[PDB]
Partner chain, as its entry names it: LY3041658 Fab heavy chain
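Taking the form solved without the partner chain, here's one chain by itself in structure tokens.
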């Protein structure tokens, strides 16, 4: 339950939020100096995204709005 940084790299090409089915956002803290954003894609693969990129912020928000609305 208490893990060091889970991401070794972030995925740098924008993609459409339709391909995200689960999101985890882990704020920085003693476990990891960086906030980590980990997405699970439709097919089950997992990648990490740079929380500072605008496109990332927007994709996460679009996923959240869709998920919240069922």
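Residues that one form lacks are left out of the comparison. Residue numbers count along the first chain shown, from 1. Think of the rigid core as the biggest set of C-alphas that the two forms share within 1.5 Å after superposition.
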**OP:** Could you settle it for me: does 8-16 or 21-29 have the higher average Cα B factor in the PDB entry?
**Re:** 8-16
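Below, we turn to the form deposited with the partner chain bound, even though it does not appear here.
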**OP:** Go through 3-38 residue by residue and record those having a heavy atom within 4.5 Å of the partner chain in the bound PDB entry; state none if no residue qualifies.
**Re:** 4, 5, 6, 7, 8, 9, 10, 11, 31, 32, 33, 34, 38
Subject >> Segments of at least three residues whose Cα atoms shift by 2 Å or more between the shown form and the other one, after superposing on the rigid core >> reply: 60-64
